Amino acid sequence: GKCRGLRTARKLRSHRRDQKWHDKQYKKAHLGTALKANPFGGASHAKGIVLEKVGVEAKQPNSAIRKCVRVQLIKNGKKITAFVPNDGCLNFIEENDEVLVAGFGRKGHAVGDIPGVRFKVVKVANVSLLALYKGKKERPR
Amino acid sequence: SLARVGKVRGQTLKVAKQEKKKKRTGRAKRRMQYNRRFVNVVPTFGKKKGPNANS
Amino acid sequence: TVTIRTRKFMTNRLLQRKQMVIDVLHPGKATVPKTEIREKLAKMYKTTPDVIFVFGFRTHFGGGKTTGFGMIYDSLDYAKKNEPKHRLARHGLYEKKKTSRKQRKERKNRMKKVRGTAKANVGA
Amino acid sequence: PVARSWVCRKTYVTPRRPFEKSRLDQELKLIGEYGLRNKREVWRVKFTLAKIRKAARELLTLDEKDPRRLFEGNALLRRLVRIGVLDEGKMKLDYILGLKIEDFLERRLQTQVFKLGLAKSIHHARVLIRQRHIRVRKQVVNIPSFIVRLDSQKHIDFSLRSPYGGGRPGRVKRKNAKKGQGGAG
RNA sequence: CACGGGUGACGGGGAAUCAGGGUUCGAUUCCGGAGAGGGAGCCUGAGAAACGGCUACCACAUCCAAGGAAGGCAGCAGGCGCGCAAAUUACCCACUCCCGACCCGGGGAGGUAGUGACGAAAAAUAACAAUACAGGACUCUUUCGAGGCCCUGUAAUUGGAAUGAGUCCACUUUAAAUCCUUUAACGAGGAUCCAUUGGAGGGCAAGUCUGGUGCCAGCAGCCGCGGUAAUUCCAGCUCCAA
Ligand SMILES: [Mg+2]
Ligand SMILES: [Mg+2]
Ligand SMILES: [Mg+2]
Ligand SMILES: [Mg+2]
Ligand SMILES: [Mg+2]
Ligand SMILES: [Mg+2]
Ligand SMILES: [Mg+2]
Ligand SMILES: [Mg+2]
Ligand SMILES: [Mg+2]
Ligand SMILES: [Mg+2]
Ligand SMILES: [Mg+2]
Ligand SMILES: [Mg+2]
Ligand SMILES: [Mg+2]
Ligand SMILES: [Mg+2]
Ligand SMILES: [Mg+2]
Ligand SMILES: [Mg+2]
Ligand SMILES: [Mg+2]
Ligand SMILES: [Mg+2]
């Protein structure tokens with residue numbers, strides 16, 4: 001601190017209270033602009049209906065097509081490109097399926113090669129995409 | 001284009017998994033691990049090798 | 001080979017009973033049944049077995065010792081007077097009816113519908 | 001409102017660095033030397049020993065001849081003397097800080113059964129405890145982490161219902177006699 | 001720092017993390033408050049502006065012969081909906097207590113079971129012995145080698161010994177049960193009675209092993225890897241962490 005007087009506790013507490021708002025991690029939590037902008041809304045997962053399967057070109061040096069999925073959520077109606085992680089797991093996903101969609105692990109940030117995808121697909125029609133990949137469960141038909 | 005989904009995982013050579021004597025588990029696994037760490041090998045000269053170091 | 005000792009003895013004059021912590025030792029067999037407990041309390045305190053009420057056994061781990069509770073009344077006109085009815089129904093001297101609790105509530109709400117003497121005629 | 005406790009406490013703490021090569025070099029000696037089952041058994045003895053040292057530092061900051069520091073200090077020494085980790089002449093609360101994890105793993109019943117010589121190996125002793133072969137003062141103990149007090153160390157022996165003690169043979173030898181008597185007739 | 005506004009604001013005892021300070025949470029079993037779809041008004045009563053009490057209006061909604069009548073699960077179970085997100089339309093007043101004219105009656109309060117990997121505690125999935133073998137402090141030997149008072153380890157080599165998990169009578173438990181504990185009878189050698197989950201370039205413990213792919217498929221929290229010899233993808237073996 002700078003003002004060290006013995007009865008300056010309102011000068012100090014109201015200066016941390018002012019200057020906490022210049023912290024980027026603090027203001028995002030304590031303004032409602034970022035919770036409104038979050039397509040989940042302070043949730044960790046969201047079911048959503050697939051409406052098309054989208055190929056996303058990767059960024060710089062990496063040259064690949066990232067196999068993503070245009071998801072429209074149930075709870076909001078908001079539209080989202082979510083990612084499909086493992087190899088060949090886009091073929092399990094048919095159109096018009098309720099898929100469970102998580103984050104990517106970076107708390108609202110684009111991750112790695114993919115430009116502007118914040119979300120990945122966990123389950124495909126109440127069957128996990130891991131068990132579809134491994135072969136433990138089968139797509140229910 | 002999304003035509004190449006499942007390319008490499010589809011075209012790999014399908015290798016059947018080898019059968020194997022099952023590993024002991026629990027303190028017995030940890031015991032066999034302790035023996036292959038400490039009580040067997042001796043200090044020798046030069047740079048020492050790894051647990052899976054093959055060449 | 002079954003030895004039974006008593007701990008924490010007390011005479012209840014205001015309940016007309018004895019009371020003790022039964023300590024059964026059976027190293028070599030199962031938890032010995034309560035019929036065999038009452039007959040051995042009978043020869044220990046020189047009393048009849050019908051005034052003896054014994055309950056609450058939990059056998060230790062390892063199993064060479066248990067711990068139970070017991071009361072010994074003066075007569076059956078005390079042992080039926082101050083005693084829980086479920087422990088009088090164990091030996092055979094008390095009988096509850098076979099109407100269950102949901103049939104009793106369902107009739108009480110039907111008897112609440114009907115006014116007068118016809119409350120006796122609601123059920124059956 | 002239900003009438004039940006919900007008072008529960010974790011008895012271990014996982015360490016701050018997950019993949020130190022030197023901590024795994026250290027803690028895996030403790031499992032081999034003392035026949036333990038996992039790292040959580042190592043991690044829970046370090047956490048009890050941290051609690052005793054944490055209460056030890058809290059008493060050393062108190063002034064000498066404090067009415068709390070004498071009573072809490074005498075109790076904490078007695079609780080370490082009776083288990084047999086602290087020496088009965090060394091009972092002074094400044095020596096609790098000079099105390100390490102291998103001293104608790106000695107007073108474990110699995111290592112006492114090994115050091116009393118009624119066990120073949122450290123890993124044989126834990127098979128004896130799990131199969132209800134040994135007792136401590138007419139009480140069959142089934143659990144190897146039993147902290148044997150100094151008072152009750154000289155009473156460890158085989159349980160009375162055990163073929164390793166004076167009892168019936170096991171399932172196996174009863175069947176080996178039955179096929180032997182089945183073979184002869 | 002009034003007044004106004006927002007609160008993903010019921011307050012507190014408390015909880016999580018923590019050197020010392022602190023930061024965040026506290027709908028949630030204890031204390032206080034508020035409310036019974038939304039507001040409003042009353043009657044009886046010591047005590048209610050009561051909703052498992054009435055009276056209206058609004059919303060929702062059931063029976064009808066169309067004149068009327070009936071309602072309030074944010075009690076306990078349960079159902080629909082909403083969702084990322086949460087249990088049986090079970091048994092009993094035996095325990096704790098409550099109420100009543102009362103030792104007797106009643107209590108979805110409460111107790112006990114069923115679902116339960118929210119979470120916490122304890123804790124099996126082998127141990128031993130003998131054969132080959134690989135080694136070590138002795139003694140001998142220049143080394144080569146060797147004897148065993150003594151070890152330590154490995155191997156679908158062999159051997160009987162100990163046990164639960166389970167099967168199943170019986171007690172005990174209990175209101176009646178179920179479970180734990182006690183206990184006969186069965187129950188183990190590839191002890192098939194089979195432990196997974198993630199990873200192996202660096203951070204970060206652990207292979208420049210082999211096959212396929214050829215900036216593709218894909219991996220990658222970050223740096224980065226893949227452009228026909230990939231320590232980084234897809235597989236097998238092996239190893240590593242819990
Ligand atoms: Mg870059
Ligand atoms: Mg508000
Ligand atoms: Mg609120
Ligand atoms: Mg609260
Ligand atoms: Mg009210
Ligand atoms: Mg409602
Ligand atoms: Mg009202
Ligand atoms: Mg109601
Ligand atoms: Mg009420
Ligand atoms: Mg849950
Ligand atoms: Mg009751
Ligand atoms: Mg009554
Ligand atoms: Mg209840
Ligand atoms: Mg197993
Ligand atoms: Mg690999
Ligand atoms: Mg790494
Ligand atoms: Mg490394
Ligand atoms: Mg990697």
# chains A, B, ... in the order shown; residues from 1 in each chain; ligands from 1
call {"tool": "residues_near_ligand", "arguments": {"ligand": "ligand 4", "cutoff": "12 Å", "atoms": "only C-alpha atoms (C1' of nucleotides) and all ligand atoms", "output": "MDAnalysis selection string"}}
result
chainID E and resid 9:15 25:33
call {"tool": "interface_residues", "arguments": {"of": "chain E", "to": "chain B", "cutoff": "12 Å", "atoms": "only C-alpha atoms (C1' of nucleotides)", "output": "PyMOL selection string"}}
result
chain E and resi 123-127+134-136+152-154+156+190-192+194-196+200+205-214+216-218+231+233-240+242
call {"tool": "atom_distance", "arguments": {"atom1": "atom CA of residue D:132", "atom2": "atom CA of residue D:37"}}
result
17.9 Å
call {"tool": "residues_near_ligand", "arguments": {"ligand": "ligand 13", "cutoff": "12 Å", "atoms": "only C-alpha atoms (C1' of nucleotides) and all ligand atoms", "output": "PDB file with N, CA, C and O atoms (P, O5', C5', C4', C3', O3' and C1' of nucleotides), in the first residue's frame"}}
result
ATOM      1  N   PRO D   1     -34.655 -33.604   8.809  1.00  0.00           N
ATOM      2  CA  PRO D   1     -33.886 -33.901  10.016  1.00  0.00           C
ATOM      3  C   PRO D   1     -33.850 -35.375  10.334  1.00  0.00           C
ATOM      4  O   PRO D   1     -34.836 -35.910  10.808  1.00  0.00           O
ATOM      5  N   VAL D   2     -32.719 -36.023  10.094  1.00  0.00           N
ATOM      6  CA  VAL D   2     -32.525 -37.418  10.458  1.00  0.00           C
ATOM      7  C   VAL D   2     -31.406 -37.477  11.487  1.00  0.00           C
ATOM      8  O   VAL D   2     -30.518 -36.625  11.520  1.00  0.00           O
ATOM      9  N   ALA D   3     -31.476 -38.478  12.360  1.00  0.00           N
ATOM     10  CA  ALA D   3     -30.588 -38.565  13.524  1.00  0.00           C
ATOM     11  C   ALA D   3     -29.360 -39.408  13.195  1.00  0.00           C
ATOM     12  O   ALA D   3     -29.273 -40.590  13.519  1.00  0.00           O
TER      13      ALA D   3
ATOM     14  P     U E  29     -30.764 -26.926   7.185  1.00  0.00           P
ATOM     15  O5'   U E  29     -31.376 -27.861   8.311  1.00  0.00           O
ATOM     16  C5'   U E  29     -32.443 -28.753   8.024  1.00  0.00           C
ATOM     17  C4'   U E  29     -32.398 -29.980   8.900  1.00  0.00           C
ATOM     18  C3'   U E  29     -31.506 -29.887  10.138  1.00  0.00           C
ATOM     19  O3'   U E  29     -32.115 -30.595  11.210  1.00  0.00           O
ATOM     20  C1'   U E  29     -30.836 -31.718   8.815  1.00  0.00           C
ATOM     21  P     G E  75     -45.125 -28.865   0.141  1.00  0.00           P
ATOM     22  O5'   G E  75     -44.624 -29.542   1.481  1.00  0.00           O
ATOM     23  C5'   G E  75     -43.781 -30.678   1.418  1.00  0.00           C
ATOM     24  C4'   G E  75     -43.815 -31.465   2.693  1.00  0.00           C
ATOM     25  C3'   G E  75     -43.514 -32.947   2.533  1.00  0.00           C
ATOM     26  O3'   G E  75     -42.135 -33.230   2.680  1.00  0.00           O
ATOM     27  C1'   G E  75     -45.585 -32.682   3.612  1.00  0.00           C
ATOM     28  P     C E  76     -41.354 -34.025   1.532  1.00  0.00           P
ATOM     29  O5'   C E  76     -41.807 -35.527   1.752  1.00  0.00           O
ATOM     30  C5'   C E  76     -41.631 -36.161   3.005  1.00  0.00           C
ATOM     31  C4'   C E  76     -42.314 -37.500   3.025  1.00  0.00           C
ATOM     32  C3'   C E  76     -42.047 -38.369   1.816  1.00  0.00           C
ATOM     33  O3'   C E  76     -40.819 -39.055   1.918  1.00  0.00           O
ATOM     34  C1'   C E  76     -44.361 -38.356   2.295  1.00  0.00           C
ATOM     35  P     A E  77     -39.862 -39.163   0.644  1.00  0.00           P
ATOM     36  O5'   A E  77     -40.332 -40.505  -0.043  1.00  0.00           O
ATOM     37  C5'   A E  77     -40.737 -40.496  -1.396  1.00  0.00           C
ATOM     38  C4'   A E  77     -41.726 -41.584  -1.698  1.00  0.00           C
ATOM     39  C3'   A E  77     -42.007 -41.773  -3.166  1.00  0.00           C
ATOM     40  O3'   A E  77     -41.002 -42.508  -3.833  1.00  0.00           O
ATOM     41  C1'   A E  77     -44.039 -41.720  -1.997  1.00  0.00           C
ATOM     42  P     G E 108     -47.665 -41.507   9.879  1.00  0.00           P
ATOM     43  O5'   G E 108     -46.623 -41.033   8.790  1.00  0.00           O
ATOM     44  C5'   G E 108     -45.326 -40.582   9.157  1.00  0.00           C
ATOM     45  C4'   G E 108     -44.534 -40.178   7.943  1.00  0.00           C
ATOM     46  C3'   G E 108     -44.864 -38.802   7.377  1.00  0.00           C
ATOM     47  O3'   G E 108     -43.692 -38.267   6.773  1.00  0.00           O
ATOM     48  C1'   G E 108     -45.334 -40.439   5.760  1.00  0.00           C
ATOM     49  P     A E 109     -43.441 -36.687   6.736  1.00  0.00           P
ATOM     50  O5'   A E 109     -43.398 -36.266   8.261  1.00  0.00           O
ATOM     51  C5'   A E 109     -42.333 -36.707   9.063  1.00  0.00           C
ATOM     52  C4'   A E 109     -42.153 -35.852  10.276  1.00  0.00           C
ATOM     53  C3'   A E 109     -40.871 -36.139  11.017  1.00  0.00           C
ATOM     54  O3'   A E 109     -39.762 -35.429  10.493  1.00  0.00           O
ATOM     55  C1'   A E 109     -42.672 -36.194  12.537  1.00  0.00           C
ATOM     56  P     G E 110     -38.572 -36.201   9.742  1.00  0.00           P
ATOM     57  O5'   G E 110     -38.199 -37.404  10.711  1.00  0.00           O
ATOM     58  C5'   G E 110     -37.569 -37.189  11.966  1.00  0.00           C
ATOM     59  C4'   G E 110     -37.817 -38.353  12.879  1.00  0.00           C
ATOM     60  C3'   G E 110     -37.255 -39.674  12.409  1.00  0.00           C
ATOM     61  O3'   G E 110     -35.866 -39.797  12.650  1.00  0.00           O
ATOM     62  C1'   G E 110     -39.472 -39.994  13.085  1.00  0.00           C
ATOM     63  P     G E 111     -34.950 -40.626  11.629  1.00  0.00           P
ATOM     64  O5'   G E 111     -35.221 -42.130  12.042  1.00  0.00           O
ATOM     65  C5'   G E 111     -34.959 -42.563  13.365  1.00  0.00           C
ATOM     66  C4'   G E 111     -35.470 -43.954  13.578  1.00  0.00           C
ATOM     67  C3'   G E 111     -35.032 -44.960  12.533  1.00  0.00           C
ATOM     68  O3'   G E 111     -33.737 -45.473  12.773  1.00  0.00           O
ATOM     69  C1'   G E 111     -37.353 -45.128  12.843  1.00  0.00           C
TER      70        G E 111
END
call {"tool": "residues_near_ligand", "arguments": {"ligand": "ligand 1", "cutoff": "10 Å", "atoms": "only C-alpha atoms (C1' of nucleotides) and all ligand atoms", "output": "JSON, numbers by chain"}}
result
{"A": [59, 60, 61, 62, 112, 113], "E": [222, 223, 224]}
call {"tool": "write_last_selection", "arguments": {"atoms": "N, CA, C and O atoms (P, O5', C5', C4', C3', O3' and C1' of nucleotides)", "output": "PDB file, in the first residue's frame"}}
result
ATOM      1  N   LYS A  59      -5.668 -23.867 -38.592  1.00  0.00           N
ATOM      2  CA  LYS A  59      -4.961 -22.597 -38.599  1.00  0.00           C
ATOM      3  C   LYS A  59      -3.651 -22.706 -39.371  1.00  0.00           C
ATOM      4  O   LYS A  59      -3.516 -23.460 -40.328  1.00  0.00           O
ATOM      5  N   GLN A  60      -2.713 -21.845 -39.011  1.00  0.00           N
ATOM      6  CA  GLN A  60      -1.372 -21.776 -39.579  1.00  0.00           C
ATOM      7  C   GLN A  60      -0.565 -22.956 -39.020  1.00  0.00           C
ATOM      8  O   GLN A  60      -1.126 -23.755 -38.264  1.00  0.00           O
ATOM      9  N   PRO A  61       0.756 -23.078 -39.239  1.00  0.00           N
ATOM     10  CA  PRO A  61       1.298 -24.175 -40.067  1.00  0.00           C
ATOM     11  C   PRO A  61       0.474 -25.440 -40.281  1.00  0.00           C
ATOM     12  O   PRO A  61       0.524 -25.968 -41.395  1.00  0.00           O
ATOM     13  N   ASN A  62      -0.191 -25.974 -39.257  1.00  0.00           N
ATOM     14  CA  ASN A  62      -0.998 -27.181 -39.342  1.00  0.00           C
ATOM     15  C   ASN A  62      -2.044 -27.092 -40.448  1.00  0.00           C
ATOM     16  O   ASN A  62      -2.830 -26.157 -40.527  1.00  0.00           O
ATOM     17  N   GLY A 112      -5.959 -24.809 -29.852  1.00  0.00           N
ATOM     18  CA  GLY A 112      -5.095 -25.436 -30.821  1.00  0.00           C
ATOM     19  C   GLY A 112      -5.332 -24.978 -32.235  1.00  0.00           C
ATOM     20  O   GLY A 112      -5.433 -23.780 -32.497  1.00  0.00           O
ATOM     21  N   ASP A 113      -5.435 -25.948 -33.149  1.00  0.00           N
ATOM     22  CA  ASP A 113      -5.576 -25.686 -34.576  1.00  0.00           C
ATOM     23  C   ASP A 113      -6.898 -25.033 -34.925  1.00  0.00           C
ATOM     24  O   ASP A 113      -6.998 -24.376 -35.960  1.00  0.00           O
TER      25      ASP A 113
ATOM     26  P     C E 222      -3.701 -25.705 -26.405  1.00  0.00           P
ATOM     27  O5'   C E 222      -2.277 -25.163 -25.952  1.00  0.00           O
ATOM     28  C5'   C E 222      -2.116 -23.843 -25.471  1.00  0.00           C
ATOM     29  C4'   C E 222      -0.751 -23.631 -24.885  1.00  0.00           C
ATOM     30  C3'   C E 222       0.390 -23.812 -25.864  1.00  0.00           C
ATOM     31  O3'   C E 222       0.630 -22.656 -26.630  1.00  0.00           O
ATOM     32  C1'   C E 222       0.843 -25.026 -23.898  1.00  0.00           C
ATOM     33  P     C E 223       0.944 -22.808 -28.184  1.00  0.00           P
ATOM     34  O5'   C E 223       2.443 -23.326 -28.207  1.00  0.00           O
ATOM     35  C5'   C E 223       3.505 -22.542 -27.693  1.00  0.00           C
ATOM     36  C4'   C E 223       4.789 -23.329 -27.676  1.00  0.00           C
ATOM     37  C3'   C E 223       5.156 -24.019 -28.972  1.00  0.00           C
ATOM     38  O3'   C E 223       5.755 -23.155 -29.917  1.00  0.00           O
ATOM     39  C1'   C E 223       5.424 -25.524 -27.169  1.00  0.00           C
ATOM     40  P     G E 224       5.574 -23.441 -31.488  1.00  0.00           P
ATOM     41  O5'   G E 224       6.583 -24.630 -31.774  1.00  0.00           O
ATOM     42  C5'   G E 224       6.219 -25.689 -32.636  1.00  0.00           C
ATOM     43  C4'   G E 224       6.156 -26.994 -31.898  1.00  0.00           C
ATOM     44  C3'   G E 224       5.983 -28.226 -32.766  1.00  0.00           C
ATOM     45  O3'   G E 224       7.177 -28.661 -33.382  1.00  0.00           O
ATOM     46  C1'   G E 224       4.403 -28.300 -31.056  1.00  0.00           C
TER      47        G E 224
END
call {"tool": "interface_residues", "arguments": {"of": "chain D", "to": "chain B", "cutoff": "9 Å", "atoms": "only C-alpha atoms", "output": "JSON, numbers by chain"}}
result
{"D": [28, 29, 31, 32, 35, 36, 37, 38, 123]}
call {"tool": "interface_residues", "arguments": {"of": "chain A", "to": "chain B", "cutoff": "7 Å", "atoms": "only C-alpha atoms", "output": "PDB file with C-alpha atoms, in the first residue's frame"}}
result
ATOM      1  CA  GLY A  55     -15.556 -29.162 -41.826  1.00  0.00           C
ATOM      2  CA  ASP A  87     -10.612 -40.474 -35.414  1.00  0.00           C
ATOM      3  CA  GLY A  88     -13.628 -41.331 -37.523  1.00  0.00           C
ATOM      4  CA  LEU A  90     -17.960 -38.067 -37.221  1.00  0.00           C
ATOM      5  CA  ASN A  91     -19.473 -41.136 -38.909  1.00  0.00           C
TER       6      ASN A  91
END
call {"tool": "closest_residue", "arguments": {"among": "D:181, D:135, D:25, D:172", "to": "chain C", "atoms": "only C-alpha atoms"}}
result
D:135
call {"tool": "residues_around", "arguments": {"residues": "stretch 90-106 of chain C", "least_positions_apart": "2", "cutoff": "12 Å", "atoms": "only C-alpha atoms (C1' of nucleotides)", "output": "PyMOL selection string"}}
result
(chain C and resi 34-35+38+49-55+76+79-80+83-88+108-113+122-123) or (chain E and resi 90-93+106-108+174-176)
call {"tool": "atom_distance", "arguments": {"atom1": "atom CA of residue A:117", "atom2": "atom CA of residue A:105"}}
result
11.6 Å
call {"tool": "residues_near_ligand", "arguments": {"ligand": "ligand 18", "cutoff": "8 Å", "atoms": "only C-alpha atoms (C1' of nucleotides) and all ligand atoms", "output": "PyMOL selection string"}}
result
chain E and resi 200-201+219-220+232
call {"tool": "write_last_selection", "arguments": {"atoms": "N, CA, C and O atoms (P, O5', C5', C4', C3', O3' and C1' of nucleotides)", "output": "PDB file, in the first residue's frame"}}
result
ATOM      1  P     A E 200       1.336 -39.576 -24.666  1.00  0.00           P
ATOM      2  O5'   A E 200       2.709 -40.283 -24.285  1.00  0.00           O
ATOM      3  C5'   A E 200       3.662 -39.658 -23.438  1.00  0.00           C
ATOM      4  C4'   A E 200       4.824 -40.582 -23.185  1.00  0.00           C
ATOM      5  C3'   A E 200       5.470 -41.165 -24.426  1.00  0.00           C
ATOM      6  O3'   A E 200       6.399 -40.283 -25.014  1.00  0.00           O
ATOM      7  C1'   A E 200       5.088 -42.886 -22.865  1.00  0.00           C
ATOM      8  P     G E 201       6.536 -40.230 -26.604  1.00  0.00           P
ATOM      9  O5'   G E 201       7.507 -39.001 -26.858  1.00  0.00           O
ATOM     10  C5'   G E 201       8.844 -39.041 -26.400  1.00  0.00           C
ATOM     11  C4'   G E 201       9.520 -37.717 -26.603  1.00  0.00           C
ATOM     12  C3'   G E 201       9.433 -36.744 -25.446  1.00  0.00           C
ATOM     13  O3'   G E 201      10.378 -37.013 -24.431  1.00  0.00           O
ATOM     14  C1'   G E 201       8.893 -35.628 -27.440  1.00  0.00           C
ATOM     15  P     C E 219      -7.929 -36.078 -32.808  1.00  0.00           P
ATOM     16  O5'   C E 219      -6.430 -36.189 -32.315  1.00  0.00           O
ATOM     17  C5'   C E 219      -6.019 -37.318 -31.569  1.00  0.00           C
ATOM     18  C4'   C E 219      -4.581 -37.196 -31.174  1.00  0.00           C
ATOM     19  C3'   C E 219      -4.272 -36.126 -30.154  1.00  0.00           C
ATOM     20  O3'   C E 219      -4.566 -36.507 -28.823  1.00  0.00           O
ATOM     21  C1'   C E 219      -2.723 -35.996 -31.921  1.00  0.00           C
ATOM     22  P     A E 220      -5.304 -35.480 -27.839  1.00  0.00           P
ATOM     23  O5'   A E 220      -4.288 -34.267 -27.690  1.00  0.00           O
ATOM     24  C5'   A E 220      -3.014 -34.427 -27.083  1.00  0.00           C
ATOM     25  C4'   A E 220      -2.110 -33.263 -27.410  1.00  0.00           C
ATOM     26  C3'   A E 220      -2.651 -31.907 -27.018  1.00  0.00           C
ATOM     27  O3'   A E 220      -2.479 -31.620 -25.653  1.00  0.00           O
ATOM     28  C1'   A E 220      -1.926 -31.800 -29.232  1.00  0.00           C
ATOM     29  P     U E 232       6.122 -41.504 -32.541  1.00  0.00           P
ATOM     30  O5'   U E 232       4.952 -41.279 -31.490  1.00  0.00           O
ATOM     31  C5'   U E 232       5.084 -40.318 -30.453  1.00  0.00           C
ATOM     32  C4'   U E 232       3.848 -39.467 -30.338  1.00  0.00           C
ATOM     33  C3'   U E 232       3.097 -39.264 -31.649  1.00  0.00           C
ATOM     34  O3'   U E 232       1.698 -39.183 -31.398  1.00  0.00           O
ATOM     35  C1'   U E 232       3.816 -37.173 -30.814  1.00  0.00           C
TER      36        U E 232
END
call {"tool": "residues_around", "arguments": {"residues": "stretch 66-74 of chain D", "least_positions_apart": "3", "cutoff": "12 Å", "atoms": "only C-alpha atoms (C1' of nucleotides)", "output": "MDAnalysis selection string"}}
result
chainID D and resid 52:53 55:63 77:81 91:96
call {"tool": "closest_atom_pairs", "arguments": {"of": "chain E", "to": "ligand 9", "cutoff": "9 Å", "atoms": "only C-alpha atoms (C1' of nucleotides) and all ligand atoms", "output": "tab-separated table"}}
result
residue	atom	partner	partner_atom_place_in_ligand_line	distance
E:36	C1'	ligand 9	1 (Mg)	8.1
E:50	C1'	ligand 9	1 (Mg)	8.0
E:51	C1'	ligand 9	1 (Mg)	7.8
E:52	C1'	ligand 9	1 (Mg)	6.8
E:75	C1'	ligand 9	1 (Mg)	8.1
call {"tool": "residues_around", "arguments": {"residues": "stretch 78-81 of chain A", "least_positions_apart": "3", "cutoff": "9 Å", "atoms": "only C-alpha atoms (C1' of nucleotides)", "output": "short mmCIF file (atom, residue, chain, number, x, y, z; two decimals) with N, CA, C and O atoms, in the first residue's frame"}}
result
data_model
loop_
_atom_site.label_atom_id
_atom_site.label_comp_id
_atom_site.auth_asym_id
_atom_site.auth_seq_id
_atom_site.Cartn_x
_atom_site.Cartn_y
_atom_site.Cartn_z
N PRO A 39 -22.62 -19.47 -24.16
CA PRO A 39 -23.77 -20.21 -24.70
C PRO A 39 -24.33 -21.24 -23.76
O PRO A 39 -25.51 -21.58 -23.87
N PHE A 40 -23.54 -21.76 -22.82
CA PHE A 40 -24.12 -22.64 -21.82
C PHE A 40 -24.87 -21.85 -20.77
O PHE A 40 -26.06 -22.08 -20.55
N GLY A 48 -27.84 -30.74 -27.29
CA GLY A 48 -28.19 -29.95 -28.44
C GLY A 48 -28.42 -30.82 -29.65
O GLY A 48 -27.83 -31.90 -29.76
N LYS A 53 -23.12 -31.25 -40.31
CA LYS A 53 -21.75 -31.58 -39.98
C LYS A 53 -20.81 -30.70 -40.80
O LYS A 53 -20.90 -30.68 -42.03
N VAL A 54 -19.91 -29.99 -40.12
CA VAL A 54 -19.16 -28.88 -40.70
C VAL A 54 -17.68 -29.22 -40.67
O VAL A 54 -17.17 -29.70 -39.65
N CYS A 68 -16.07 -30.95 -37.39
CA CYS A 68 -16.88 -30.34 -36.35
C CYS A 68 -18.36 -30.54 -36.67
O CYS A 68 -18.72 -31.11 -37.70
N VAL A 69 -19.21 -30.07 -35.76
CA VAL A 69 -20.66 -30.26 -35.86
C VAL A 69 -21.36 -28.98 -35.41
O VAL A 69 -21.14 -28.50 -34.30
N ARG A 70 -22.19 -28.44 -36.29
CA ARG A 70 -23.04 -27.28 -36.00
C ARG A 70 -24.18 -27.71 -35.08
O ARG A 70 -25.11 -28.40 -35.52
N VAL A 71 -24.13 -27.32 -33.82
CA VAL A 71 -25.10 -27.74 -32.81
C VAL A 71 -25.99 -26.56 -32.46
O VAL A 71 -25.51 -25.44 -32.29
N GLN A 72 -27.30 -26.80 -32.37
CA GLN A 72 -28.24 -25.85 -31.77
C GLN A 72 -28.70 -26.39 -30.43
O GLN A 72 -29.22 -27.51 -30.36
N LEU A 73 -28.53 -25.59 -29.38
CA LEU A 73 -28.80 -26.07 -28.03
C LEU A 73 -30.30 -26.15 -27.76
O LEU A 73 -31.12 -25.55 -28.44
N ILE A 74 -30.64 -26.92 -26.72
CA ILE A 74 -32.03 -27.09 -26.33
C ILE A 74 -32.46 -26.00 -25.37
O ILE A 74 -33.54 -25.43 -25.50
N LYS A 75 -31.60 -25.68 -24.41
CA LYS A 75 -31.97 -24.81 -23.30
C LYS A 75 -32.05 -23.35 -23.73
O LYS A 75 -32.76 -22.56 -23.11
N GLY A 116 -12.03 -20.77 -33.58
CA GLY A 116 -13.37 -20.48 -33.09
C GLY A 116 -14.25 -21.67 -32.82
O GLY A 116 -15.41 -21.68 -33.25
N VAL A 117 -13.73 -22.70 -32.16
CA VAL A 117 -14.54 -23.78 -31.62
C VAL A 117 -14.15 -23.89 -30.16
O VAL A 117 -12.98 -24.09 -29.83
N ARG A 118 -15.13 -23.75 -29.27
CA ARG A 118 -14.90 -23.74 -27.84
C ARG A 118 -15.41 -25.00 -27.17
O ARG A 118 -15.26 -25.15 -25.95
N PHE A 119 -15.97 -25.94 -27.93
CA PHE A 119 -16.87 -26.96 -27.42
C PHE A 119 -16.59 -28.28 -28.12
O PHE A 119 -16.30 -28.30 -29.32
N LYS A 120 -16.70 -29.38 -27.39
CA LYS A 120 -16.54 -30.69 -28.01
C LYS A 120 -17.70 -31.60 -27.63
O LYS A 120 -18.40 -31.36 -26.65
#
call {"tool": "interface_residues", "arguments": {"of": "chain E", "to": "chain A", "cutoff": "7 Å", "atoms": "only C-alpha atoms (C1' of nucleotides)", "output": "number ranges by chain"}}
result
E: 84, 215, 218, 221
call {"tool": "write_last_selection", "arguments": {"atoms": "C-alpha atoms (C1' of nucleotides)", "output": "PDB file, in the first residue's frame"}}
result
ATOM      1  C1'   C E  84     -25.902 -31.265 -17.504  1.00  0.00           C
ATOM      2  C1'   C E 215       0.416 -31.720 -43.792  1.00  0.00           C
ATOM      3  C1'   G E 218      -5.745 -37.362 -36.822  1.00  0.00           C
ATOM      4  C1'   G E 221      -4.544 -27.886 -21.995  1.00  0.00           C
TER       5        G E 221
END
